[PDB]
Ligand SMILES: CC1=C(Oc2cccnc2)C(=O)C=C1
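The form solved without the ligand is given below as one chain in structure tokens.
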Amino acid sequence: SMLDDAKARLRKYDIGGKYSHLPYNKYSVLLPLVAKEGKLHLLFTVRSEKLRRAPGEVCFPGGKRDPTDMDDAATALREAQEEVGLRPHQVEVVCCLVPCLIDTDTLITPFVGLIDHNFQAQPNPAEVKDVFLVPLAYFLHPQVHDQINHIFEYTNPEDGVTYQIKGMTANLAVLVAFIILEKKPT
């Protein structure tokens, strides 16, 4: 099926816990896959304007590891729960993709999670100003603006709202799209 096929593809790129004991400042992000209307979508947040890091920016759910987290995946789930109400039984963590090195002292580990069809985002306004889906296929033929560096613009056809997606977030979205959608029959 569509979902089993996605998980089978994602597993081939799983690095596991290989880079997890390294002594960095550690953050995790969840790349949440949602199936609507026969297609895969990614769930994104727009960070609250109030926040320390990256106010107002499109990001995946995630944040800093803390001492309660059993591992790096748990960081991602905890933070996703706090930001959009995603509960443990509503997500299956399928793999750990390549970490992202930032600022010489920081490692951000991304996990891809399959999201239950009955989950409905409950944006927490202290963390998140908005939550939106983008079809995964969009990342194969994005609308690119050069700001010099590359920015994606996605317009939700439901309401005409335009979102700007950039940096690590845009990079990880392209990666997931390539992994799951490359070389597929129609």
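The first residue of the sequence shown is number 1, and the count goes up from there.
Omitted here: the form solved in complex with the ligand. The next part is about that form.
Although the partner is absent here, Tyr138 is not a contact residue: none of its heavy atoms lies within 4.5 angstroms of the ligand in the bound PDB entry. At the 4.5 Å threshold, heavy atoms of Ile115 reach the ligand in the bound PDB entry.
Contact annotation for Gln120: at least one heavy atom lies within 4.5 Å of the ligand in the bound PDB entry.
Residue contact check for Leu40: none of its heavy atoms lie within 4.5 Å of the ligand in the bound PDB entry.
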